[PDB]
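**Student:**
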Amino acid sequence: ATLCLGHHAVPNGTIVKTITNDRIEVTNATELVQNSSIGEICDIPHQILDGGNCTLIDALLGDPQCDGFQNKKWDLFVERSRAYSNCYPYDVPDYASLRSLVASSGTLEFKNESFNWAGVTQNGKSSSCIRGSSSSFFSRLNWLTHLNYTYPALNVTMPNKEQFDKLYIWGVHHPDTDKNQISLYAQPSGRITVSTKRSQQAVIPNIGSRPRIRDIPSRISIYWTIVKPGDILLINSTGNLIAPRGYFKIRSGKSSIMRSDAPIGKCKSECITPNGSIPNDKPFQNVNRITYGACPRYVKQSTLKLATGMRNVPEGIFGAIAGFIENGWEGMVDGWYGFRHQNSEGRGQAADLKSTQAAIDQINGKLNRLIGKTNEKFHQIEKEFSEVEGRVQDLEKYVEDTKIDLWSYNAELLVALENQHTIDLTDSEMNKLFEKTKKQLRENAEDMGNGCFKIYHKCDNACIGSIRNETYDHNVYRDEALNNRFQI
Amino acid sequence: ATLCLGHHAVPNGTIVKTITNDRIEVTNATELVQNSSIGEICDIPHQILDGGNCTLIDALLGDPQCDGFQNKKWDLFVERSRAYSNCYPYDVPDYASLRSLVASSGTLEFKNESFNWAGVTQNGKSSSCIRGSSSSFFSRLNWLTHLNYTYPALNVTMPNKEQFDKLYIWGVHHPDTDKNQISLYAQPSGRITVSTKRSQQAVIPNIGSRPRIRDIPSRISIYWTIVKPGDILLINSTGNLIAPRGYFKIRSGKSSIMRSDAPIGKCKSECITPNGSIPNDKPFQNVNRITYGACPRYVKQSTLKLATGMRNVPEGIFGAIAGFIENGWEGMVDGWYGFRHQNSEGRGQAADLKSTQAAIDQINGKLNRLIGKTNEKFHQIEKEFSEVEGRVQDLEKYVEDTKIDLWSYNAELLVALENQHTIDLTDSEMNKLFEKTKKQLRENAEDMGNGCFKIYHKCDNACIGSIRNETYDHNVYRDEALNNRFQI
Amino acid sequence: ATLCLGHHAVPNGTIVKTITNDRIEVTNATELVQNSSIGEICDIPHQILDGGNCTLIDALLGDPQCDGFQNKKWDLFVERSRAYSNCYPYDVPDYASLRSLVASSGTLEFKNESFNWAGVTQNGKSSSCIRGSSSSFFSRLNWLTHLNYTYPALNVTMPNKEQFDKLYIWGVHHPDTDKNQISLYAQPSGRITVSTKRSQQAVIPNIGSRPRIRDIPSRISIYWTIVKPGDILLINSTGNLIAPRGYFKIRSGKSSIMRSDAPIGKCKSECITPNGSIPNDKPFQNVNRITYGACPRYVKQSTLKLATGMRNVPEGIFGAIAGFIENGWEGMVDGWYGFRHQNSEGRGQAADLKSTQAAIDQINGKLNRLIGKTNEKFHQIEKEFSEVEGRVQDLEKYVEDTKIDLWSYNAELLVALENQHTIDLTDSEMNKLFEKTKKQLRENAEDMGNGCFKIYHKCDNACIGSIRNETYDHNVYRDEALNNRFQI
Ligand SMILES: *[C@@H]1O[C@H](CO)[C@@H](O[C@@H]2O[C@H](CO)[C@@H](O)[C@H](O)[C@H]2NC(C)=O)[C@H](O)[C@H]1NC(C)=O
Ligand SMILES: *[C@@H]1O[C@H](CO)[C@@H](O[C@@H]2O[C@H](CO)[C@@H](O)[C@H](O)[C@H]2NC(C)=O)[C@H](O)[C@H]1NC(C)=O
Ligand SMILES: *[C@@H]1O[C@H](CO)[C@@H](O[C@@H]2O[C@H](CO)[C@@H](O)[C@H](O)[C@H]2NC(C)=O)[C@H](O)[C@H]1NC(C)=O
Ligand SMILES: *[C@@H]1O[C@H](CO)[C@@H](O)[C@H](O)[C@H]1NC(C)=O
Ligand SMILES: *[C@@H]1O[C@H](CO)[C@@H](O)[C@H](O)[C@H]1NC(C)=O
Ligand SMILES: *[C@@H]1O[C@H](CO)[C@@H](O)[C@H](O)[C@H]1NC(C)=O
Ligand SMILES: *[C@@H]1O[C@H](CO)[C@@H](O)[C@H](O)[C@H]1NC(C)=O
Ligand SMILES: *[C@@H]1O[C@H](CO)[C@@H](O)[C@H](O)[C@H]1NC(C)=O
Ligand SMILES: *[C@@H]1O[C@H](CO)[C@@H](O)[C@H](O)[C@H]1NC(C)=O
Ligand SMILES: *[C@@H]1O[C@H](CO)[C@@H](O)[C@H](O)[C@H]1NC(C)=O
Ligand SMILES: *[C@@H]1O[C@H](CO)[C@@H](O)[C@H](O)[C@H]1NC(C)=O
Ligand SMILES: *[C@@H]1O[C@H](CO)[C@@H](O)[C@H](O)[C@H]1NC(C)=O
Ligand SMILES: *[C@@H]1O[C@H](CO)[C@@H](O)[C@H](O)[C@H]1NC(C)=O
Ligand SMILES: *[C@@H]1O[C@H](CO)[C@@H](O)[C@H](O)[C@H]1NC(C)=O
Ligand SMILES: *[C@@H]1O[C@H](CO)[C@@H](O)[C@H](O)[C@H]1NC(C)=O
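Here you go:
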C-alpha cells in the first residue's frame with residue numbers, strides 16, 4: 011500500500027504580503043482596511059443634530075434662521091458646507107475655540123437671567139437681521155443704546171448660586187464712524203470690563219468702516235466668559251456693550267461636531283465619518299481621518315489582506335507545504351490536511367480533522383484579536399482647514415500626519431508578521447501530521463520523500479482507517495512487513 | 011529498556027496571551043505593567059521642593075506666605091492642591107507659560123538691581139497683602155505712585171552686562187475707578203512700554219470694578235521680559251507701573267513642576283508620579299500619565315504578563335510540548351527537560367542540563383531587553399486641566415491620548431509576539447533533545463511516537479547515563495539490538 | 011562513503027541583536043541607520059534658494075540687502091545663521107507664522123497696486139535703511155506722513171477681482187515720543203483698521219522710547235491680511251500707517267524653509283538636512299530630525315545592523335546551524351549550504367544551489383521591503399528654538415520627542431524581530447536540505463547525528479552527484495547496503 015499525506019488547495023488563491031515576500035498566494039484572506047461608506051450618516055446610536063443652514067455658532071447666538079435650534083442637545087452636531095450667517099455681521103476672536111467648547115458641551119440649553127440695565131434702551135434691532143419680516147437681532151443678545159441721549163454707566167452683577175458652570179456670551183459693537191457711537195451711545199469712547207473673581211476681560215471698540223454686509227459697515231465682536239459656582243459675573247461698561255440675556259449650561263461628555271454633506275439615514279452604525287457611516291468590523295479604514303464613535307483607525311493603505319489559509323499550491331520554514339509535498343489537493347474540500355491511499359481494494363482520500371481544526375483554531379484566534387475590536391473616540395482636533403493660520407495650525411496638521419504614519423506602519427508590519435506566521439503555522443501542521451503518521455508505522459513502512467509512505471504489507475481499508483484514527487497496531491503486521499522490506 | 015523524553019510542568023500555571031490565543035497557560039510569567047505606587051514621593055535622587063501653601067508663581071512674585079522660598083532651587087517643584095494666593099489680586103495673561111518657564115528653569119535666584127525711580131513714591135502697600143501684621147506687597151515688585159500729586163514720567167534703563175539671560179517680572183495696575191488712578195497716579199491715563207533691542211511690550215490699564223478679593227476691586231496684571239546678554243531693558247511709563255526690584259536667573263536643565271498631594275518621604279526612587287514614586291524595573295506602568303524621571307511608559311492596560319516558561323501541561331509549532339509528548343512531569347523540579355527510563359535495574363528520572371540552560375538563557379535574554387530599561391523624561395506638557403480653554407488645550411490632550419494609544423498598542427503586540435515565541439522556542443528545545451537522543455541510538459532503539467524509545471538491548475544505569483551524557487557507543491550493542499529488533 | 015551536510019562560515023562575522031540576544035554573530039549584516047552627510051546641500055532635485063545675509067521676512071519686506079530676492083521662487087529657502095536685518099527696526103507679532111506661511115507658499119512674486127493715498131506725503135525714508143548710499147525704506151512698504159501739516163483720514167479699497175488669494179503686508183509706526191507723531195502725522199492719536207468681509211484688524215500705535223537700533227528709538231510692527239477672491243481690502247486710517255504697495259501671491263505646494271550653514275553643491279540628492287544632503291537608501295537616519303524631501307526617518311540609535319546572512323560558526331529554533339552541525343565551512347565560498355563527502359575515490363565539497371538560493375531570496379525579500387522605501391515630507395514644524403516661549407513651544411517639542419521615541423522603538427523592534435527570523439530561516443534551510451538528503455538515501459545510509467550520513471555501499475563520484483542532483487536510485491544499491499548494514 012501507499013499512504014500519502016497532503017493538504018488542500020484552491021484553483022484561484024489570494025495574494026498577500028509577508029516579511030520575506032511582497033506577493034505570495036494563500037488559499038484565502040480577509041481585508042483589514044474598510045474602504046467604503048454607505049454614504050449616509052446613520053441616526054442610531056449617536057444622537058445626530060443636522061445644522062442645515064446654521065453653523066453651531068449661529069445657533070448659539072440666535073440668528074433668526076436658527077430659532078429651531080433653541081435648547082437643543084446632540085451627540086454629534088453636523089455642520090453643512092452651505093451654512094451661512096444671516097444676521098448682524100460679527101466675528102469671534104478665537105472662533106474655533108468657542109465652537110469647540112460648545113460642540114463638546116453638546117447642549118444649547120439657555121436660561122434667561124434679568125440684568126438691571128437701568129437707564130438705557132434695550133432690544134436694539136437691525137435690518138441686517140430679519141426675523142419674519144421685521145428688523146431683529148440675535149435672540150440671545152441685547153443691543154443696549156442711549157436713553158434720551160444719555161448712556162448711564164452700567165455696573166451689574168450676577169452671582170452663580172448654582173452647582174454648575176455658566177457660559178455667558180456677550181459682545182462689543184464697533185461703529186463704522188464717530189457719528190454713530192455718539193448717535194448710539196451718546197459718548198465718544200466706550201469701554202467694557204467683564205470680570206469674575208477668577209478672570210477679567212476688557213474691550214474697547216475700534217471705530218472704522220469695514221466692507222458692508224447686508225449693508226452694515228459696523229461689526230460686532232463676540233466674547234465669552236465662564237462663571238464657576240460661588241463666583242460672580244460683574245459687567246462694568248460705559249457703552250458699546252452687546253449684552254447677554256442669560257447663560258448657557260456648559261456640560262462635559264462625548265459630544266462633538268463634524269463638517270459633512272452626507273444625508274442622515276434611518277440605520278444603525280457605531281462609526282461616523284464625513285463621507286457617511288462605515289462598518290467597524292475591520293481594525294483599519296482608509297475612508298477618512300475625521301471620525302466619531304467606535305471607529306477603525308485611519309491608515310494610508312487602501313487595502314491590507316490578512317491570510318486566513320495556508321500557502322496555495324494548485325493542481330515555509332517547516333518545508334512541507336510548497337516543500338517536500340509537491341502540491342495541494344483541489345479535490346480535498348472537507349478538510350485542510352488529509353491522507354490519500356492506494357491499497358489492494360483501490361484508491362481513496364480522507365480529511366484529517368484534528369490537524370485541520372488545529373490550523374483553523376489558530377487562525378480564528380488571530381481573527382478574534384483583530385476583528386471587531388475598534389477604539390471609541392469622540393471630540394478630537396480639527397483635521398481640515400479652509401484658511402492659512404500659521405504655527406498652531408502647522409502643529410495640528412503635523413500631529414495628525416505623524417499619528418497616521420505611525421498607525422499605517424503598525425498596520426503594514428502587523429499584516430506582514432501575521433501572514434508569515436500563518437504560512438508557517440499551517441506548514442507546521444502539515445509536518446506534524448506527517449511525523450505522527452510515520453511514527454505510527456514504525457518498521458512497517460518507509461518514507462518515499464514526497465509525503466508518501468510505502469507500506470510493506472497488505473493494508474485493507476480497515477487497516478488504513480486504523481492508521482487515520484490512530485488505532486493501528488504495527489505489531490500485527492510487523493513480521494509480514496519486515497519480510498517484505500528486507501529481502502534480497 | 012524504555013527511555014522517555016519529557017519536560018517539567020507545575021500544578022498551577024499562569025495565563026498569558028499570544029498571537030493565536032487570548033488565554034494559554036505557561037509554567038511562569040512576569041508582569042510588565044507597574045500598577046502601584048508606594049504613595050509617597052521619595053526625596054532621592056531628585057531634589058524635591060514642596061510648595062506647601064504656595065504656587066510657584068506666588069513664590070516667584072513674593073506672596074508673604076512664600077518668603078521661605080526666596081532663592082530656592084529644585085529638580086521637581088511640587089504644587090499642592092490646597093495652595094492659595096494671599097496678596098494683592100492679580101492675573102498673569104499666559105500664566106501657564108510663565109509657570110512652565112520658571113518650573114523648567116529650576117531656580118528662584120533673584121538679584122536686586124537699582125532703578126532710578128526719580129520723583130515717585132515707592133513701596134506701595136496694601137491690606138490685601140499682610141506680611142506679619144502690617145500692610146505689605148509682593149516682595150519682588152515695587153508699587154510706584156505719585157509724589158506730591160506729581161507722577162513724573164519714568165524712563166529707565168538696565169543693560170545686561172552679564173553672560174546670561176535675565177528674567178524681569180513686572181506688572182500693570184488696573185484701578186477700579188477713575189478716582190483712584192487720579193488718586194494713585196495723579197493722571198487720567200497711564201501707559202507702559204517695556205522694551206529691548208529684541209522685543210517691545212506695551213500695556214494700558216483698563217479702569218473698572220472687578221469682584222472684590224480681600225476687599226480689592228482693583229487688579230494687577232503680570233508680565234515678563236527676558237533680556238539677553240548685551241541687551242538693555244528700557245522701561246518708559248507715565249503711571250500704573252508695578253515695577254521690578256531686580257531680575258531672576260533663567261537657567262536650562264531637567265527641572266519641572268508637578269501637582270500632587272502625596273507626602274514626601276525619605277527613600278530612593280528614580281520615577282515620580284503625582285500618586286507617589288513607582289519602581290521602574292518594568293517597561294510599562296498604568297499608575298499615571300504624569301511622570302518625572304526614569305519612568306516606565308504609561309499604557310492603558312492594567313496588566314500584561316510576559317511568559318517566562320514553557321506551555322504548562324499538568325499531570330506549539332514544533333509539536334512536542336502539548337504535542338506528541340502527552341504531558342509534563344510535575345515531579346521534575348531540577349530541570350525543564352529530561353529523561354525517564356525503565357531498565358532491568360528499575361525506573362529513574364534525570365534533568366537534561368544543556369537543553370534546560372538553552373531555554374533559560376533565551377528567556378533571560380528577552381528579559382534583559384525588557385527589564386530595567388526605562389527612558390528618562392523631565393519637563394513635559396501638562397496633561398490635566400481644571401478649566402475649559404479651547405483649541406490649544408484640545409491639541410495638548412489629543413497629543414497625549416494619541417501617544418498613549420500608540421504605546422498601549424506597542425505593549426500589547428510586544429507581549430503577544432514574545433509569548434508566542436517563548437512557547438515555540440521551548441517546544442523547539444524539547445524537540446531538539448528528542449532528535450539528538452534518537453540519533454544517538456542509531457539502530458538500537460525505535461521511536462514509540464510518544465516521546466519514548468524502546469531500546470532493544472540490556473541497558474543498565476551506566477548505559478542510560480552514557481546516553482544522557484552523550485558517550486553511548488551504539489556499536490557496542492548493535493549486534494544484540496538488531497537480533498532483538500528484527501526477529502520473527 | 012560518508013556524506014556530510016554543512017553550511018558556509020566566514021573568519022570575521024558581524025554582531026547583530028535579536029529578540030533573545032544582545033550580541034550574536036552572523037556572516038554579514040547591513041546598516042539601517044544613515045549616520046553621515048556629504049556636508050553640502052545638493053541643488054538637484056529641489057530648487058534651493060540661498061538666503062545669504064537675508065532672512066525670508068527681510069526678503070519679503072524688501073530690506074535693501076535683499077533686492078536680489080524680488081519675485082524669487084523656491085522649493086527650499088535656506089536661511090543662514092549670519093543673516094541680519096539692516097533697515098528700519100521692526101517686529102512681527104507672530105513672526106513665526108508669517109515666516110511659515112511665506113516659506114510654505116514658495117514665492118515672493120509681488121504685484122504693484124495703486125492706492126489713492128490722497129493728501130499725504132508718500133515714500134518716507136530713513137537713514138536706518140540705506141539703499142546704495144541714500145536714505146531709503148522697505149521696498150514693499152510705503153511710509154505715509156503729513157502733507158502741509160495735514161494728515162487727511164485715509165479710506166481706500168482694493169477689490170480682489172482675481173481668482174486667487176492676495177497677501178497684503180502692512181505696518182504701524184510707533185513713534186518714540188509725542189513730538190514726532192505730531193511731527194509725522196500732525197495728530198495726537200493714530201488709528202488703523204484693515205478689514206475685509208471676512209476679517210478685521212485694528213491697531214493703535216504705542217508711543218515710547220525703545221533702545222536705539224541704527225539710531226532709531228521708534229519701531230514698526232508688521233501685520234498681514236489675506237484677501238479672498240470676490241473680497242475687498244478696506245484700509246481706514248488716521249495716521250501711523252505703513253502702507254502696502256501691492257500684494258503677494260499666496261500659493262500652496264511643497265515649499266519650505268530650513269536654517270543651515272551648509273554650502274550648496276552641484277549634485278543630486280532627494281533628502282536634505284541642515285548638516286547637508288544624506289543618501290536615502292536606508293529606512294532610518296540619525297543625522298538630524300530636521301529634514302526636507304524623501305528622507306529616512308529620524309531615530310536616536312546611531313546604528314542598527316540588519317543580518318543578511320546565517321549565524322556565523324567559524325572553523330536557532332531548528333537546531334542545525336550552531337546545533338547538530340558542529341561548525342561552518344570557511345572553505346565553502348560558492349554557496350551557503352552544501353555537501354562534503356568521502357568515498358573510495360577521495361574527498362570533495364560542493365555547494366547546494368537550490369537551498370542557497372532559497373535563503374538568499376528570502377533575505378533579499380526582506381531587504382526589498384526595507385531599502386529605498388523612504389517617505390517624502392516637506393513643510394513641517396520647527397524643531398529648534400533660540401528663545402524661551404512657553405506653552406505652544408513646549409507642545410511642539412513634546413510632539414517631536416514623542417514621535418522620535420516611537421520611531422526609535424519601531425526601528426529597534428523591527429531589526430530584532432527580522433534578525434531572529436533571519437537566523438531561524440537560515441537554520442531551517444540547513445535542516446530542510448539535511449532531511450531531503452536523508453529521505454533520498456532510504457535504507458542505504460544511517461544518520462551519524464552530526465550532519466553526516468554513513469553510506470553502506472560503494473558510492474563513486476557519479477553516485478554522490480546523483481545524490482546532489484536528486485537522481486539517486488536507492489533501489490540500485492539497496493541489496494548491497496542492507497547486507498553491509500545488517501551483518502553480525
Ligand atoms: C470708506 O469707503 C468705503 C468703501 O468705498 C465706503 O463704503 C461704501 O459706501 C457706499 C456709499 O454708502 C456704499 O453704498 C458701499 O456699499 C460701501 N462699500 C463697502 C464695500 O463698504 C465707506 O462708507 C467709507 N467710510 C466712511 C466712514 O466714509
Ligand atoms: C459696581 O458694583 C459692584 C458690585 O455690586 C460694587 O462692588 C461692591 O461694593 C460694595 C460696597 O462697597 C462692597 O461692599 C461689595 O463687596 C462689592 N462687591 C463686589 C463683589 O465687588 C462696585 O463697587 C461697583 N463699582 C463702582 C465703581 O461703583
Ligand atoms: C529714555 O532713555 C533712553 C535711554 O537712556 C534714551 O535713549 C538714549 O538717548 C541718547 C541721547 O539721544 C542716545 O544717544 C542713546 O543712544 C539712547 N539710548 C538707547 C539705548 O536708546 C531716550 O532718548 C529717553 N527717551 C526720551 C523720550 O527722552
Ligand atoms: C475566507 O476568510 C474569511 C475571513 O475569515 C471567511 O469569513 C471566509 O468564509 C473564508 N472562506 C473560506 C474559509 O472558504
Ligand atoms: C436653507 O437656505 C436656502 C437658501 O439657499 C433656503 O431656500 C432653504 O429653505 C433653507 N433650508 C431650510 C430647510 O430652511
Ligand atoms: C474712516 O474713513 C473716513 C475717511 O474718509 C474718516 O472720516 C474716518 O476717520 C475713518 N476712520 C478711521 C478708522 O480712521
Ligand atoms: C471621503 O471624503 C474625503 C474628503 O472629502 C475624500 O477625499 C475621500 O476620497 C472620501 N473617501 C471615500 C471612500 O469616499
Ligand atoms: C518566574 O518568573 C520571574 C521573572 O523572571 C522569576 O523572577 C521567578 O523567580 C520565576 N519563578 C520560577 C522560575 O520558578
Ligand atoms: C497652610 O495654610 C493653612 C491655612 O489653611 C495654615 O493654617 C497652615 O499653617 C499653612 N501651612 C504652613 C506650614 O504654613
Ligand atoms: C464702573 O461702574 C460705575 C457705574 O456705576 C461707573 O461710575 C464707572 O464708569 C464704571 N467703569 C467702567 C469700566 O465703565
Ligand atoms: C493615580 O492618580 C490618578 C489621578 O488622580 C488616578 O485617577 C489613578 O487611579 C491613580 N492610580 C493609582 C495606582 O493610585
Ligand atoms: C553583505 O550584505 C550587504 C547588504 O545586502 C551586501 O550588499 C554585501 O555585498 C554582502 N556581502 C556578501 C554577501 O558577501
Ligand atoms: C554679507 O554681509 C557681510 C557683512 O558681514 C558683507 O561683507 C558681505 O558682502 C555680504 N554677502 C553678500 C554676498 O552680499
Ligand atoms: C518716554 O520717556 C519720557 C520720560 O522722560 C517722557 O517724556 C515720555 O512721556 C515717555 N513716554 C512713555 C511711553 O511714557
Ligand atoms: C548635524 O547637526 C546637528 C545640529 O547642529 C548636530 O548636533 C549633529 O551632531 C549633526 N550630525 C552630523 C552627522 O553631523
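Those protein sequence lines, which keep their order, are chains A, A' and A''. A prime marks a further copy of an entry chain. Letter by letter, the first sequence follows residues 11 to 325, 330 to 502 in PDB author numbering. Letter by letter, the second sequence follows residues 11 to 325, 330 to 502 in PDB author numbering. Letter by letter, the third sequence follows residues 11 to 325, 330 to 502 in PDB author numbering. No residue lacks a Cβ here, since even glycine has one placed at the ideal position from N, Cα and C.
1. Kindly indicate the opening and closing residues of the alpha helix (DSSP H) around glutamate 344 of chain A'.
2. Using alpha carbons as the reference points, say which of A''/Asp487, A''/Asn433, A''/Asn497 and A''/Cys477 lies closest to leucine 13 of chain A''.
3. How far does the beta strand (DSSP E) with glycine 218 of chain A in it reach, from first residue to last?
4. According to DSSP, simplified to helix, strand and coil, what is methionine 444 of chain A''?
5. Can you give me the C-alpha to C-alpha distance between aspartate 271 of chain A' and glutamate 89 of chain A', rounded to a whole angstrom?
6. Below 8 Å on the Cβ atoms is my contact criterion, and I expect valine 43 of chain A'' with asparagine 296 of chain A'' to pass it. Report the Cβ-Cβ distance as a whole number of Å.
7. Report the rounded CA-to-CA distance for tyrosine 257 of chain A versus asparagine 122 of chain A, giving the unit in angstroms.
8. With a threshold of 7 Å, establish whether the CB of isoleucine 214 of chain A' neighbours any heavy atom of ligand 14.
9. Under the DSSP definition of a beta bridge, which residues are partnered with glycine 181 of chain A?
10. Closer than 6 Å between the C-beta and any heavy atom of ligand 13: which residues qualify, listed along the chain?
11. Which class does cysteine 64 of chain A' belong to by DSSP, given the choice of helix, strand or coil?
12. Could you tell me the distance, in whole angstroms, from the CA atom of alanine 365 of chain A to the CA atom of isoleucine 300 of chain A''?
13. Report the residues of the segment 217-232 of chain A with a CB closer than 9 Å to any CB of chain A'', ordered along the chain.
14. Which of the residues in the segment 30-54 of chain A, read from start to end, lie with their CB under 7 Å from any CB of chain A''?
15. Could you pull out every residue in the same chain whose Cβ sits closer than 6 Å to the Cβ of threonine 167 of chain A, ignoring the five residues on either side in sequence?
16. From A''/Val429, A''/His435 and A''/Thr451, pick the residue whose C-alpha is nearest to that of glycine 352 of chain A''; which is it?
17. Tell me whether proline 284 of chain A'', by its Cβ, gets closer than 7 Å to a heavy atom of ligand 15.
18. Go ahead and pull the three-state DSSP assignment for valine 406 of chain A''.
19. Beta-carbon of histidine 184 of chain A versus every beta-carbon of chain A': anything under 8 Å?
20. Can you list the residues of chain A that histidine 435 of chain A'' reaches, using a CB-CB cut of under 7 Å?
21. Does the Cβ-Cβ distance between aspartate 73 of chain A' and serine 110 of chain A come in under 8 Å?
**Tutor:** Looking at the coordinates:
1. Neither: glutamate 344 of chain A' is in no alpha helix (DSSP H) and is coded neither H nor E.
2. A''/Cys477
3. Unbroken run through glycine 218 of chain A: none, as it is neither H nor E.
4. helix
5. 8 Å
6. 5 Å
7. 7 Å
8. no
9. A/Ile232 and A/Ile252
10. A''/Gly62 and A''/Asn63
11. coil
12. 59 Å
13. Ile217, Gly218, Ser219, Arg220, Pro221, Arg222, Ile223, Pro227, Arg229 and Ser231
14. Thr30, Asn31 and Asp32
15. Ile242 and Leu244
16. A''/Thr451
17. yes
18. helix
19. no
20. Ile29
21. no
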